[PDB]
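Here is the structure we will look at.
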Amino acid sequence: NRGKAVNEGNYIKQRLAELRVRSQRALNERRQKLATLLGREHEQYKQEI
Amino acid sequence: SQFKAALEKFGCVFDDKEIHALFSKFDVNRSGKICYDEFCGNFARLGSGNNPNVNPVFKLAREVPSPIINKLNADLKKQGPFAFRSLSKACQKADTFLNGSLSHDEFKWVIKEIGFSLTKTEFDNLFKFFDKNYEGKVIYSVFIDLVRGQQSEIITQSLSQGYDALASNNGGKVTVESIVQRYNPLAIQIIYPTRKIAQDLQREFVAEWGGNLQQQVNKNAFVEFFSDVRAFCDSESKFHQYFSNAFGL
Amino acid sequence: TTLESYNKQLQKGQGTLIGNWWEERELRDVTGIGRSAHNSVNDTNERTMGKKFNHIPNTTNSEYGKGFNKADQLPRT
Amino acid sequence: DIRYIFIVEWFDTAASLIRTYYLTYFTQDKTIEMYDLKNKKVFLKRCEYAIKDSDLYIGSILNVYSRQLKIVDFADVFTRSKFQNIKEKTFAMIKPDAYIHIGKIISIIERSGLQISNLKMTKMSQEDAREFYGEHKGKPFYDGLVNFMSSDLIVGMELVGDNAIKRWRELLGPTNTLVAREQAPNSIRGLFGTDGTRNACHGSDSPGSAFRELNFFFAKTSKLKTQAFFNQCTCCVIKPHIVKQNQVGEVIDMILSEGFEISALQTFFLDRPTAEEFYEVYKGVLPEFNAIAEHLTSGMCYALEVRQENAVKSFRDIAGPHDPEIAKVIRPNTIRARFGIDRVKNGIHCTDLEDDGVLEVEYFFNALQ
Amino acid sequence: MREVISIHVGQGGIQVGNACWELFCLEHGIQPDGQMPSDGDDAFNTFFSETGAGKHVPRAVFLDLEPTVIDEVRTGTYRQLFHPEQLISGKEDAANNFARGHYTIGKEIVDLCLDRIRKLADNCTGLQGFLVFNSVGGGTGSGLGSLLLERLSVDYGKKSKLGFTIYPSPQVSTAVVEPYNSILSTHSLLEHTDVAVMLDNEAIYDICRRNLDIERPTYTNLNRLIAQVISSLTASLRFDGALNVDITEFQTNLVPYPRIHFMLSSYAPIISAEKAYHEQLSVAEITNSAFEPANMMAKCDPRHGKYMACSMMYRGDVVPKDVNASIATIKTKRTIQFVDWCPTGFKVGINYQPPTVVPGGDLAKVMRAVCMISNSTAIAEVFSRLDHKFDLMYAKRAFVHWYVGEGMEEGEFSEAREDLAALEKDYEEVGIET
Amino acid sequence: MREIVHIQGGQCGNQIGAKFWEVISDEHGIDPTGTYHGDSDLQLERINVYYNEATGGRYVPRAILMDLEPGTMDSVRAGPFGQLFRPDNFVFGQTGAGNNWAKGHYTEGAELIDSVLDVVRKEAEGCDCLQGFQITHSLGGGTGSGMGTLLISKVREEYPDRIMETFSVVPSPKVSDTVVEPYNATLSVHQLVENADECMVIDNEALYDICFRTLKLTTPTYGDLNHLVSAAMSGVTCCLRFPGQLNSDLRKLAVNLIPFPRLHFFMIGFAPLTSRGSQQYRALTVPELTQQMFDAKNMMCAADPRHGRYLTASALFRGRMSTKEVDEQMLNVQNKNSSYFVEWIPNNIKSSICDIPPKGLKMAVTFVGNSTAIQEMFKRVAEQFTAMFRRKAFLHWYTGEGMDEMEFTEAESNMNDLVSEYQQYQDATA
Ligand SMILES: Nc1nc2c(ncn2[C@@H]2O[C@H](COP(=O)(O)OP(=O)(O)OP(=O)(O)O)[C@@H](O)[C@H]2O)c(=O)[nH]1
Ligand SMILES: Nc1nc2c(ncn2[C@@H]2O[C@H](COP(=O)(O)OP(=O)(O)O)[C@@H](O)[C@H]2O)c(=O)[nH]1
Ligand SMILES: [Mg+2]
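Residue numbers (full-length UniProt numbering), protein chains in the order written: chain A, 50 to 98; chain B, 250 to 498; chain C, 6 to 44, 69 to 106; chain D, 3 to 371; chain E, 1 to 39, 45 to 439; chain F, 1 to 430.
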């Protein structure tokens, strides 16, 4: 009888990472956009120096 | 909640309205925090029985702590006539916000700055008595009144007469300038002998007063000041004969 | 032992400087009656025990449960 | 000479438990000595650290030798008495007839020498406004004042300092502004007052009333919701070194003067997890996430919301280079050029991406409430 | 499903029960009122039982005849935790007399004790065994412990019993007639306790002086360290690990002969909060420190004897290959020597749960720990010294009247003496190589 | 629970007990009117040990007041704290003993002791569980040394199992106060040995020396000596009234301190005692306390401890301390002074710990010792007895009231016997 709770807990535990990876990739794409933005800004600054 | 749990412990379970009525019957101050000390005292007096010959003693209210404040007053006596005023000034200074009550740590601070290194156990008794229901704040006015003791009605009336006589020469207006300009510094010998010089006497008097000579003075503050002065002296006769010399009255 | 003798009744002051004058001095200062009240009574407690530091500690068999770590309450992540 | 000693506690992280030291302060020569209460060894001996006299107060936080310390209370009567004088609290109010003058008002208040303990701005709704100013009721001033009050956004601040309850009032000037010009032209009411009911600012008058307004406005139980929008807006942060060095008044008016509309600013104390967390977009980029995060949590900081037609890039134009050393050479009129010192503490920080301003402003004004 | 029963008798037993129970309550996060805030595996079943709704009640029983300690517990900080009527308190002290607590006054409390043991064991379903705590060098402790062991060994039978007893120190001792009680209690427990563990006092005094650098320790530090040892021993039943070892895997892997079941423990690391984070805390160094004679739990020099069996239990994130290499080095160094007929002598247990720390304690928060239990022939010297003291103070019938006047006959001393001599002879005989 | 009753007889007993009850009431926070005004709850957990509760909630001692003349009771009732004692607990005679042991032990002592026996019987049976009896008296007087010891015999007859303590103001020749000291001293110590479970001997001369030297008071008073005796006697039974780390009862003390049934005469000491002007100039630590308590001059007996070997000793520490320093100081004092301890019994020191020090004090030490040095008192007493008995001086006032010289011979023989086998162990070796 006790196995039902184990089944549930495993399901939630694995779904948690299954969605955590999507959250991480959502955060990570902004990383690249912002990096490119400041990269272009810095070279523009240097050339105008 | 703890009260109804305690009733359940003895086994008398009652509905919430009856529980509330019983709680309110003993929670007269309406604060909401009952004192089981008074609770059990009431029950013990009820259960002792009625005997005209023998009283049932016990207690229905928290007693004055006694020797902790007695020693406090006795050792406060030694510093000087204005040690009593020192405590008042310190209470006002610590109460920078002017509410009328102090926090627990602030009361500790005012005690140690007065200079009495009260231990935890000795402090706790006066603390618990003066804070009836553990609200978190203590009223310093009642504390200082109890520490000073009882002031005589005739003494207070004489102080009021002195205030009125002082106000008369200025037309009802008050200033510390007036008390500084008119008094008898040498009269302090009769409340207690002192070797200090009359020239300095004015300096200590103004120093214990405010630096500004235009500070506003209330009648209650003035009589409070001389009550602090009186509390150092143990004789009403000596105090009033000193006051008479001090104001030439 | 030829005590008392050349030091009779006197209150306050540094005394006469013979016998146990130093020891009677502090007794007389802390409490009235430096020596053997006339039959103002004398309490044996102060004479025998000494300075009283009133304090009652806890058993410390009841300190087992109570112990506090303020750090644990930080929000962490 | 004379010594000021305290009690301080530091939260270690390698060790879970927190420790406690004394931090004695030789004022004759401005040096610091560290000694711990338990186990009786001297911790840090006789080394100057150049700490200004003003910052020492109850609840203050000061960093030393890469560890941050938080003063809790004094340690003796002599230290307690001297600093006990500076604790008075007053409640100052900026009514919406001077919404354009916020920067100058704050600048003058700071120059007065008082300390801006806490700050907020809200919309004072009709019913709670009627509750406020309760004592007046009968007088004809009442209804006019109430109708004026709920007109627009309001700025409430708390001033802590010596002699404050009347120092603030005398700095403010007369109650009527019409008289203020002839008696005291150099006053807040003199400079920014129009008429009797449209006076610039408001101050406390009695300690009891001041406390009443204080727990009305700043206490945890308040009915004043933070009136602020969450669309077409940008977020910016006044870094703690700026408020420590006292240029917040200058900074605020500069951004107001640019036609941008300020929507909300509030004072916030946040810890190191919150600091690193808000900077979650700069973990893996060169602005040195660790140093900037640890500096961001070293004191109070203001969080401002700015509104404009095209908020993000337009505000970025005025913000200029992230490095003030860059900015001085080329963008001499930008705020970071004028106020920033170096890379780590480059004054203002604003978002640098088009579509993430809403989430960042939501983080401050919704999540941290 | 698996449970043990805790017996705590004597003042020493009660003052160690308080520490072990605060540690157990803190480890599972149970508040003093008994509630579980939580926020759920059944790891509390070993020591606690659910009341049906909310709180949990420990599976322990407390015995003593002087009411002082029991009343202090009932008014302490855990007043509402324990079961109120399982804290059995007597009327009069046995007062350092073996015969008093075993022949005159101890007989009117054993009936209640057995009734409560029956009531609690009927609630229990998968009982593993008994863990008993008692002070040997005292009247009520020794007498009531002996009587309880006598009764249980007949009533329940084959269920295992482990006793954590506190023998006298060689010189750091309190009582004066105490060796008599010690000899008689050893006689009683020899044929009734499945495992016995040494817990003398001055050795742990030296431990705390040397490691914590605490110059002002009291019984509380001693009891906290002992509770740490007990928790490290019993973790495996209630926590997940790579190699779990239950209580039945002690005597089947550590007892060569039925008479030889006296053992001595050790625990590591023991360090303060300041000296820990500047240290390495490696598995190799902690397991090397576990075998240091000065780190041992009892005042004996194991270098004067051989080793028969050792059971070591690690908790934390230890690695089995690291354990194996460390054990290889242990066998390599020549200072410690094993007996010929024991080629393999090491039991290894591993638990994932790191040790728990108590606020306001002395030990620091550490991420590896090892508790070792050793059976060795070096136990002979403590018994030899006890026998020497007994002979010296028995040559002239000292204090014999106090015992004979309570009902005990005179001849019992001779039987205990001869049985102890036989035990010493057995430990000597087992020491000869083939 | 395990409560004890108090019995006092004679002038010495009455004064000592009056001081003792003032001390106990002060310690437990009871006013002279018998109403509790204490501070902490710990003062009420074991309040029933020494006090009984009456209707209304006032506490009364379970003490018995006994003498052949009413003057001393009339004085103590008028003195401070005299209202606590129940008026029915007074039993007094109308004649007086005249410092004659036969008078106080055969004729009027016997016709009077029925009432006090009834009172002690009802008082003992009233309480739940007796733990024993304690007596304070003098062996040098008539009424005390006779009637008190006869009452000891009587109570021991019906209570063979319960423990009995005696606190005896034994005479010393330096401070001589009566010419008939040897007679009543020997007779009292005769009928004391077979009945008293513990005896604690006290010397007025030793108390005077202590007061003059340690406290250094110019002119002392019996109040001081009574207070010191009260402090020690109250410190004896602290484990029964307060929680601690190692509780030790009177039976524990008797078992740990009595090797043989006839060796139960004990000598006691108290620490710390300091002059009033030097109270703030000394530290409070376990080494200091042990150094002061072990000092031979500090003892409450005229016998010199360093003239014999300690058989057993016990100490009742109070306050805050640590077991390792306690037992380490005991081990150190046992090692550095192995000559003063008998070798064939190892570890002859008891230590017990109580968490409650006396009011106004941090730490306190009560020391009780069984040592061979006490034989000197009996030796000198027997010398005086035989020297004054060879001429039969003062004998006829005894012999004319049912006394025979044969029991005087018996007393001399018994004391010589006790001296013999009590000093035998001093030279006894293993
Ligand atoms: N380590 C340690 N030992 C203790 C503690 N409490 C008691 N003991 C030991 O107990 C021994 C004496 O026994 P007691 O504690 O007095 O109690 P008992 O053994 O049940 O016998 P009784 O004294 O008659 O009650 C002492 O030698 C101590 O070593 C403690 O808290 N910690
Ligand atoms: N220490 C001390 N000794 C006392 C006190 N009162 C009397 N004595 C001694 O007791 C002896 C006389 O005893 P006594 O009163 O005649 O005994 P009683 O006749 O049986 O009551 C004298 O040697 C005194 O030294 C006292 O208050 N304290
Ligand atoms: Mg016991």
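All C-beta atoms, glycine included, are put in the ideal place defined by N, C-alpha and C.
Neighbour-count burial assignment, residue i, 16 or more Cβ in a 10 Å radius
i, result
"D:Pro334", "exposed"
"F:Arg262", "exposed"
"F:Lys19", "buried"
"B:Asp477", "buried"
"D:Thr179", "buried"
"residue 43 of chain E", "In the model shown, chain E runs from 39 to 45 with nothing in between, leaving residue 43 of chain E without coordinates."
Spatial distance of residue i from residue j (CA atoms)
i, j, result
"F:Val201", "F:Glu108", "27 Å"
"E:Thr225", "D:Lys42", "23 Å"
"D:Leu25", "D:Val10", "7 Å"
"D:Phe367", "D:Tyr6", "39 Å"
"E:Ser419", "F:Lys359", "49 Å"
"F:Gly34", "F:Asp417", "49 Å"
"D:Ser56", "D:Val331", "34 Å"
"C:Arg76", "C:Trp26", "16 Å"
"E:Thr170", "E:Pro364", "27 Å"
"F:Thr237", "F:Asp249", "7 Å"
"F:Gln245", "C:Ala42", "43 Å"
"D:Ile110", "D:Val250", "11 Å"
"F:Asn226", "B:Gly296", "40 Å"
"B:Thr424", "B:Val466", "6 Å"
"A:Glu90", "D:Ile337", "18 Å"
Cutoff 7 Å; reference residue i; Cβ partners in own chain excluding five residues on either side
i, result
"B:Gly290", "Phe307, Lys308, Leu309"
"E:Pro72", "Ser94"
"C:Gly96", "none"
Neighbour list for residue i in chain B, Cβ cutoff strictly below 9 Å
i, result
"D:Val10", "Here the premise fails: no neighbours, minimum Cβ distance about 17 Å."
Contact list for residue i against chain C, beta-carbon separation under 7 Å
i, result
"D:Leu19", "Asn98, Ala100"
"F:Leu215", "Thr77"
Cβ neighbours of residue i in the same chain (closer than 8 Å, five flanking residues each side left out)
i, result
"E:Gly143", "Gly10, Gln11, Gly12, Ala99, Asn101, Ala180, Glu183, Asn186"
Sheet register partners of residue i (DSSP bridge)
i, result
"F:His137", "F:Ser168"
"D:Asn348", "Answer by DSSP bridge pairing: none, since D:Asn348 is not bridged."
"D:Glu160", "D:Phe93, D:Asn120"
Chain-order list of residues whose beta-carbon lies under 6 Å from that of residue i (same chain, five-residue window excluded)
i, result
"F:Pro243", "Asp355"
Contacts that residue i makes with chain D (C-beta to C-beta distance below 8 Å)
i, result
"A:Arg79", "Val283, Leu355, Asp358"
Contact set between residue i and chain B, taken where Cβ atoms lie within less than 8 Å
i, result
"D:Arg82", "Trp358, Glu362"
Chain-ordered chain A contacts of residue i [CB-CB under 7 Å]
i, result
"D:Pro323", "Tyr94"
Residues that residue i contacts on chain C, provided the C-beta gap is smaller than 9 Å
i, result
"E:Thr82", "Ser91, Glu92, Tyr93, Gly94, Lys95"
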